[PDB]
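As provided, protein-v8.csv (CSV, N, CA and C atoms) reads as follows.
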```csv
chain,number,residue,atom,x,y,z
P,1,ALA,N,-20.0,-1.0,-7.0
P,1,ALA,CA,-19.9,0.1,-8.0
P,1,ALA,C,-18.7,0.9,-7.8
P,2,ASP,N,-17.8,0.5,-7.0
P,2,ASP,CA,-16.5,1.2,-6.7
P,2,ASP,C,-15.4,0.2,-6.6
P,3,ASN,N,-14.1,0.7,-6.7
P,3,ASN,CA,-12.9,-0.1,-6.6
P,3,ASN,C,-12.8,-1.1,-7.6
P,4,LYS,N,-12.3,-0.7,-8.8
P,4,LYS,CA,-12.1,-1.6,-9.9
P,4,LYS,C,-10.8,-2.3,-9.8
P,5,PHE,N,-10.6,-3.0,-8.6
P,5,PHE,CA,-9.4,-3.6,-8.3
P,5,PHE,C,-9.6,-5.1,-7.9
P,6,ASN,N,-8.7,-5.9,-8.3
P,6,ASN,CA,-8.7,-7.4,-7.9
P,6,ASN,C,-8.5,-7.5,-6.4
P,7,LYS,N,-8.8,-8.7,-5.9
P,7,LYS,CA,-8.7,-9.0,-4.5
P,7,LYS,C,-7.3,-8.6,-4.0
P,8,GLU,N,-6.3,-9.1,-4.7
P,8,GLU,CA,-4.9,-8.8,-4.3
P,8,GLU,C,-4.6,-7.3,-4.3
P,9,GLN,N,-5.1,-6.6,-5.3
P,9,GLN,CA,-4.9,-5.2,-5.4
P,9,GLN,C,-5.5,-4.4,-4.3
P,10,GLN,N,-6.8,-4.7,-4.0
P,10,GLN,CA,-7.5,-4.1,-2.9
P,10,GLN,C,-6.9,-4.4,-1.6
P,11,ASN,N,-6.5,-5.7,-1.5
P,11,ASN,CA,-5.8,-6.1,-0.3
P,11,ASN,C,-4.5,-5.3,-0.1
P,12,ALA,N,-3.8,-5.1,-1.2
P,12,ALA,CA,-2.6,-4.3,-1.1
P,12,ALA,C,-2.9,-2.9,-0.6
P,13,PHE,N,-4.0,-2.3,-1.1
P,13,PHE,CA,-4.4,-1.0,-0.6
P,13,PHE,C,-4.6,-1.0,0.9
P,14,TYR,N,-5.4,-1.9,1.4
P,14,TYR,CA,-5.7,-2.0,2.8
P,14,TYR,C,-4.5,-2.3,3.6
P,15,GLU,N,-3.6,-3.2,3.1
P,15,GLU,CA,-2.4,-3.6,3.8
P,15,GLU,C,-1.4,-2.5,4.0
P,16,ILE,N,-1.4,-1.6,2.9
P,16,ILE,CA,-0.6,-0.4,3.0
P,16,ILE,C,-1.2,0.6,4.0
P,17,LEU,N,-2.5,0.6,4.0
P,17,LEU,CA,-3.2,1.4,5.0
P,17,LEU,C,-3.0,0.8,6.4
P,18,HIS,N,-2.7,-0.5,6.5
P,18,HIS,CA,-2.5,-1.1,7.8
P,18,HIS,C,-1.0,-1.1,8.2
P,19,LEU,N,-0.3,0.0,7.7
P,19,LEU,CA,1.1,0.2,8.1
P,19,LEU,C,1.2,1.4,9.0
P,20,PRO,N,1.1,1.2,10.3
P,20,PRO,CA,1.1,2.3,11.3
P,20,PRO,C,2.5,3.0,11.4
P,21,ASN,N,3.5,2.3,11.0
P,21,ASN,CA,4.9,2.8,11.2
P,21,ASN,C,5.3,3.6,9.9
P,22,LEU,N,4.7,3.2,8.8
P,22,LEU,CA,4.9,3.9,7.5
P,22,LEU,C,4.4,5.3,7.6
P,23,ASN,N,5.3,6.2,7.1
P,23,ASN,CA,4.9,7.6,7.0
P,23,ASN,C,3.6,7.7,6.1
P,24,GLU,N,2.6,8.5,6.6
P,24,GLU,CA,1.4,8.7,5.9
P,24,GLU,C,1.6,9.3,4.5
P,25,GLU,N,2.7,10.0,4.4
P,25,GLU,CA,3.1,10.6,3.1
P,25,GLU,C,3.5,9.5,2.1
P,26,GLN,N,4.3,8.6,2.6
P,26,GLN,CA,4.8,7.5,1.8
P,26,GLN,C,3.6,6.6,1.5
P,27,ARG,N,2.7,6.4,2.5
P,27,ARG,CA,1.5,5.7,2.4
P,27,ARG,C,0.7,6.2,1.2
P,28,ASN,N,0.5,7.6,1.2
P,28,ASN,CA,-0.2,8.2,0.2
P,28,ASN,C,0.4,8.0,-1.2
P,29,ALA,N,1.8,8.0,-1.2
P,29,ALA,CA,2.5,7.8,-2.4
P,29,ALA,C,2.2,6.4,-3.0
P,30,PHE,N,2.3,5.4,-2.1
P,30,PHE,CA,2.0,4.0,-2.6
P,30,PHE,C,0.6,3.8,-3.0
P,31,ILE,N,-0.3,4.4,-2.2
P,31,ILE,CA,-1.8,4.3,-2.5
P,31,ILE,C,-2.1,5.0,-3.8
P,32,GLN,N,-1.6,6.2,-4.0
P,32,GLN,CA,-1.8,6.9,-5.2
P,32,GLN,C,-1.2,6.1,-6.4
P,33,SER,N,0.0,5.5,-6.2
P,33,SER,CA,0.6,4.7,-7.2
P,33,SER,C,-0.2,3.5,-7.6
P,34,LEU,N,-0.9,2.9,-6.5
P,34,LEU,CA,-1.8,1.8,-6.7
P,34,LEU,C,-3.0,2.2,-7.5
P,35,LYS,N,-3.5,3.5,-7.3
P,35,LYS,CA,-4.6,4.0,-8.0
P,35,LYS,C,-4.2,4.3,-9.5
P,36,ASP,N,-3.0,4.7,-9.7
P,36,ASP,CA,-2.5,5.0,-11.0
P,36,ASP,C,-2.3,3.7,-11.8
P,37,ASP,N,-1.6,2.8,-11.2
P,37,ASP,CA,-1.4,1.5,-11.8
P,37,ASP,C,-1.4,0.4,-10.7
P,38,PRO,N,-2.6,-0.3,-10.6
P,38,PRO,CA,-2.7,-1.4,-9.6
P,38,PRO,C,-2.0,-2.7,-10.0
P,39,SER,N,-1.3,-2.6,-11.1
P,39,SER,CA,-0.6,-3.8,-11.6
P,39,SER,C,0.6,-4.0,-10.7
P,40,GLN,N,1.0,-3.0,-9.9
P,40,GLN,CA,2.1,-3.1,-9.0
P,40,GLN,C,1.6,-3.4,-7.6
P,41,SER,N,0.5,-4.1,-7.5
P,41,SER,CA,-0.1,-4.4,-6.2
P,41,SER,C,0.8,-5.2,-5.3
P,42,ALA,N,1.0,-6.5,-5.7
P,42,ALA,CA,1.8,-7.4,-4.9
P,42,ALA,C,3.2,-6.9,-4.5
P,43,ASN,N,3.9,-6.5,-5.6
P,43,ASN,CA,5.2,-5.9,-5.3
P,43,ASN,C,5.3,-3.5,-4.8
P,44,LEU,N,4.3,-2.6,-4.9
P,44,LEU,CA,4.2,-1.5,-4.0
P,44,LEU,C,3.8,-2.0,-2.6
P,45,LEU,N,3.1,-3.1,-2.5
P,45,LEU,CA,2.8,-3.7,-1.2
P,45,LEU,C,4.0,-4.3,-0.6
P,46,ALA,N,4.7,-5.2,-1.4
P,46,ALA,CA,5.9,-5.9,-0.9
P,46,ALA,C,6.9,-4.9,-0.3
P,47,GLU,N,7.3,-3.9,-1.2
P,47,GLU,CA,8.2,-2.9,-0.7
P,47,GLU,C,7.3,-0.8,0.3
P,48,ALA,N,6.0,-0.8,0.5
P,48,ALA,CA,5.4,-0.1,1.6
P,48,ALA,C,5.6,-1.0,2.9
P,49,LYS,N,5.2,-2.3,2.7
P,49,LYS,CA,5.3,-3.3,3.8
P,49,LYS,C,6.8,-3.3,4.2
P,50,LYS,N,7.7,-3.7,3.3
P,50,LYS,CA,9.1,-3.7,3.6
P,50,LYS,C,10.2,-1.5,3.8
P,51,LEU,N,9.6,-0.3,3.6
P,51,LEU,CA,9.8,0.8,4.4
P,51,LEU,C,9.2,0.7,5.8
P,52,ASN,N,8.1,0.1,5.9
P,52,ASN,CA,7.4,-0.1,7.2
P,52,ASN,C,8.2,-1.0,8.1
P,53,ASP,N,8.6,-2.1,7.6
P,53,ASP,CA,9.5,-3.1,8.3
P,53,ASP,C,10.9,-2.6,8.5
P,54,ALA,N,11.4,-2.0,7.4
P,54,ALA,CA,12.8,-1.4,7.4
P,54,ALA,C,13.0,1.0,8.0
P,55,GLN,N,11.9,1.5,8.5
P,55,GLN,CA,11.8,2.5,9.6
P,55,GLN,C,11.4,1.9,10.9
P,56,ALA,N,11.7,0.7,11.2
P,56,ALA,CA,11.3,0.0,12.4
P,56,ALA,C,12.5,-0.4,13.2
P,57,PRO,N,12.8,0.4,14.2
P,57,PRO,CA,13.8,0.1,15.2
P,57,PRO,C,13.3,-0.9,16.2
P,58,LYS,N,14.2,-1.5,17.0
P,58,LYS,CA,13.9,-2.5,18.0
P,58,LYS,C,14.8,-2.4,19.2
```
For the file at hand, write its structure as structure tokens.
Amino acid sequence: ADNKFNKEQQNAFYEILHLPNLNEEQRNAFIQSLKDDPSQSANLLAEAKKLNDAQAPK
């Protein structure tokens, strides 16, 4: 009765939530954007995943 999102879309949500290095503010931005338009699932995911990989020093 909740989450009118496809598997990929909901996966994007969770995967962006699974970004511990990503600023929670940016996380909220991507998540909210996913809520606004989940059509950008694969690619808000591609590039939250990729600020998460790219604020990552080594």
So which residues of chain P fall under alpha helix (DSSP H) by DSSP, listed as a compact mmCIF listing (two decimals) with N, CA and C atoms, in the coordinates of the input?
```
# COMPACT_ATOMS: atom_id res chain seq x y z
N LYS P 7 -8.80 -8.70 -5.90
CA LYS P 7 -8.70 -9.00 -4.50
C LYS P 7 -7.30 -8.60 -4.00
N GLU P 8 -6.30 -9.10 -4.70
CA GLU P 8 -4.90 -8.80 -4.30
C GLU P 8 -4.60 -7.30 -4.30
N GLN P 9 -5.10 -6.60 -5.30
CA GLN P 9 -4.90 -5.20 -5.40
C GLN P 9 -5.50 -4.40 -4.30
N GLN P 10 -6.80 -4.70 -4.00
CA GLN P 10 -7.50 -4.10 -2.90
C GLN P 10 -6.90 -4.40 -1.60
N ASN P 11 -6.50 -5.70 -1.50
CA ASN P 11 -5.80 -6.10 -0.30
C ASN P 11 -4.50 -5.30 -0.10
N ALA P 12 -3.80 -5.10 -1.20
CA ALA P 12 -2.60 -4.30 -1.10
C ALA P 12 -2.90 -2.90 -0.60
N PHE P 13 -4.00 -2.30 -1.10
CA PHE P 13 -4.40 -1.00 -0.60
C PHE P 13 -4.60 -1.00 0.90
N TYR P 14 -5.40 -1.90 1.40
CA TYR P 14 -5.70 -2.00 2.80
C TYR P 14 -4.50 -2.30 3.60
N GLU P 15 -3.60 -3.20 3.10
CA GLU P 15 -2.40 -3.60 3.80
C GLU P 15 -1.40 -2.50 4.00
N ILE P 16 -1.40 -1.60 2.90
CA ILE P 16 -0.60 -0.40 3.00
C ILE P 16 -1.20 0.60 4.00
N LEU P 17 -2.50 0.60 4.00
CA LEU P 17 -3.20 1.40 5.00
C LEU P 17 -3.00 0.80 6.40
N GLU P 24 2.60 8.50 6.60
CA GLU P 24 1.40 8.70 5.90
C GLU P 24 1.60 9.30 4.50
N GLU P 25 2.70 10.00 4.40
CA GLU P 25 3.10 10.60 3.10
C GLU P 25 3.50 9.50 2.10
N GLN P 26 4.30 8.60 2.60
CA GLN P 26 4.80 7.50 1.80
C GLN P 26 3.60 6.60 1.50
N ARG P 27 2.70 6.40 2.50
CA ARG P 27 1.50 5.70 2.40
C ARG P 27 0.70 6.20 1.20
N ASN P 28 0.50 7.60 1.20
CA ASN P 28 -0.20 8.20 0.20
C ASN P 28 0.40 8.00 -1.20
N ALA P 29 1.80 8.00 -1.20
CA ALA P 29 2.50 7.80 -2.40
C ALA P 29 2.20 6.40 -3.00
N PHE P 30 2.30 5.40 -2.10
CA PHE P 30 2.00 4.00 -2.60
C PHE P 30 0.60 3.80 -3.00
N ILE P 31 -0.30 4.40 -2.20
CA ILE P 31 -1.80 4.30 -2.50
C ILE P 31 -2.10 5.00 -3.80
N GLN P 32 -1.60 6.20 -4.00
CA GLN P 32 -1.80 6.90 -5.20
C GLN P 32 -1.20 6.10 -6.40
N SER P 33 0.00 5.50 -6.20
CA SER P 33 0.60 4.70 -7.20
C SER P 33 -0.20 3.50 -7.60
N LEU P 34 -0.90 2.90 -6.50
CA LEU P 34 -1.80 1.80 -6.70
C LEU P 34 -3.00 2.20 -7.50
N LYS P 35 -3.50 3.50 -7.30
CA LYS P 35 -4.60 4.00 -8.00
C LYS P 35 -4.20 4.30 -9.50
N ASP P 36 -3.00 4.70 -9.70
CA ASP P 36 -2.50 5.00 -11.00
C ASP P 36 -2.30 3.70 -11.80
N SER P 41 0.50 -4.10 -7.50
CA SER P 41 -0.10 -4.40 -6.20
C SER P 41 0.80 -5.20 -5.30
N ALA P 42 1.00 -6.50 -5.70
CA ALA P 42 1.80 -7.40 -4.90
C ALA P 42 3.20 -6.90 -4.50
N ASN P 43 3.90 -6.50 -5.60
CA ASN P 43 5.20 -5.90 -5.30
C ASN P 43 5.30 -3.50 -4.80
N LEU P 44 4.30 -2.60 -4.90
CA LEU P 44 4.20 -1.50 -4.00
C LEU P 44 3.80 -2.00 -2.60
N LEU P 45 3.10 -3.10 -2.50
CA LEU P 45 2.80 -3.70 -1.20
C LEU P 45 4.00 -4.30 -0.60
N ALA P 46 4.70 -5.20 -1.40
CA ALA P 46 5.90 -5.90 -0.90
C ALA P 46 6.90 -4.90 -0.30
N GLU P 47 7.30 -3.90 -1.20
CA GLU P 47 8.20 -2.90 -0.70
C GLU P 47 7.30 -0.80 0.30
N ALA P 48 6.00 -0.80 0.50
CA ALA P 48 5.40 -0.10 1.60
C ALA P 48 5.60 -1.00 2.90
N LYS P 49 5.20 -2.30 2.70
CA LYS P 49 5.30 -3.30 3.80
C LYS P 49 6.80 -3.30 4.20
N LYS P 50 7.70 -3.70 3.30
CA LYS P 50 9.10 -3.70 3.60
C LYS P 50 10.20 -1.50 3.80
N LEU P 51 9.60 -0.30 3.60
CA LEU P 51 9.80 0.80 4.40
C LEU P 51 9.20 0.70 5.80
N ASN P 52 8.10 0.10 5.90
CA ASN P 52 7.40 -0.10 7.20
C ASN P 52 8.20 -1.00 8.10
```
*Would you please work out which residue, of P:24, P:53, P:36, P:47, is nearest to residue 4 (chain P) when using only C-alpha atoms?*
P:36
*Skipping near chain neighbours, those fewer than 5 positions away, what residues fall within 6.5 Å of region 7-13 of chain P using all atoms listed in the file, listed as a PyMOL selection string?*
chain P and resi 18+31+38+41-42+45
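What separates atom N of residue 54 (chain P) from atom C of residue 6 (chain P) is a distance of 24.8 Å.
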*CA of residue 52 (chain P) to atom C of residue 20 (chain P), distance in Å rounded to a single decimal*: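 Separating CA of residue 52 (chain P) from atom C of residue 20 (chain P) is a distance of 7.2 Å.
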_Separation of CA of residue 14 (chain P) from atom C of residue 28 (chain P) in Å_ =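 It comes out at 12.4 Å.
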*Neighbours of residue 48 (chain P) within 10 Å (only C-alpha atoms; same-chain residues fewer than 5 positions away dropped), as a count of residues only?*
15
*Which is closest to residue 51 (chain P) among P:21, P:39, P:33, P:3, if we use only C-alpha atoms?*
P:21
Can you spit out chain P with C-alpha atoms, as a short mmCIF file (atom, residue, chain, number, x, y, z; two decimals), in the first residue's frame, from the structure just given?
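Done, and the output landed in part16.cif:
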```cif
data_model
loop_
_atom_site.label_atom_id
_atom_site.label_comp_id
_atom_site.auth_asym_id
_atom_site.auth_seq_id
_atom_site.Cartn_x
_atom_site.Cartn_y
_atom_site.Cartn_z
CA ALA P 1 0.00 0.00 0.00
CA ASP P 2 3.09 2.22 -0.10
CA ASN P 3 6.01 3.06 -2.39
CA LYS P 4 4.63 3.35 -5.91
CA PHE P 5 8.11 2.65 -7.23
CA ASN P 6 9.54 -0.05 -9.48
CA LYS P 7 12.22 -2.42 -8.19
CA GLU P 8 15.02 -0.34 -9.72
CA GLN P 9 13.52 2.86 -8.35
CA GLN P 10 13.09 1.58 -4.80
CA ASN P 11 16.53 -0.01 -5.06
CA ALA P 12 17.88 3.41 -6.00
CA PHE P 13 16.23 4.85 -2.89
CA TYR P 14 17.83 2.26 -0.62
CA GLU P 15 21.20 2.40 -2.39
CA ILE P 16 21.33 6.16 -1.94
CA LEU P 17 20.41 5.54 1.69
CA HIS P 18 23.29 3.03 1.72
CA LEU P 19 25.76 5.85 1.08
CA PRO P 20 27.52 6.51 4.41
CA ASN P 21 30.03 8.91 2.88
CA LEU P 22 27.44 10.96 1.04
CA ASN P 23 26.25 14.05 2.90
CA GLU P 24 22.82 13.38 4.38
CA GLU P 25 21.79 16.72 2.90
CA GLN P 26 22.74 15.56 -0.58
CA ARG P 27 21.15 12.22 0.24
CA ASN P 28 17.92 14.07 1.06
CA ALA P 29 18.28 15.98 -2.20
CA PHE P 30 18.55 12.81 -4.27
CA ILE P 31 15.86 11.02 -2.27
CA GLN P 32 13.48 13.95 -2.61
CA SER P 33 14.28 14.14 -6.32
CA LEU P 34 13.47 10.43 -6.57
CA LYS P 35 10.16 11.11 -4.85
CA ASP P 36 9.49 13.99 -7.24
CA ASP P 37 10.45 12.00 -10.33
CA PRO P 38 11.54 8.35 -9.88
CA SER P 39 12.20 8.21 -13.62
CA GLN P 40 15.72 9.37 -12.77
CA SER P 41 16.24 6.26 -10.64
CA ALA P 42 19.11 4.44 -12.37
CA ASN P 43 20.97 7.55 -13.40
CA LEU P 44 20.24 10.06 -9.41
CA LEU P 45 21.51 6.69 -8.21
CA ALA P 46 24.40 6.50 -10.69
CA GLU P 47 25.64 9.99 -9.95
CA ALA P 48 24.63 9.95 -5.46
CA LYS P 49 26.65 6.73 -5.78
CA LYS P 50 29.26 8.41 -7.93
CA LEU P 51 29.47 12.14 -5.07
CA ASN P 52 29.74 9.23 -2.63
CA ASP P 53 32.60 7.60 -4.55
CA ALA P 54 34.04 10.91 -5.73
CA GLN P 55 34.01 12.82 -1.58
CA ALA P 56 35.99 9.65 -0.93
CA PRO P 57 39.68 10.16 -0.11
CA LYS P 58 42.08 7.23 0.16
#
```
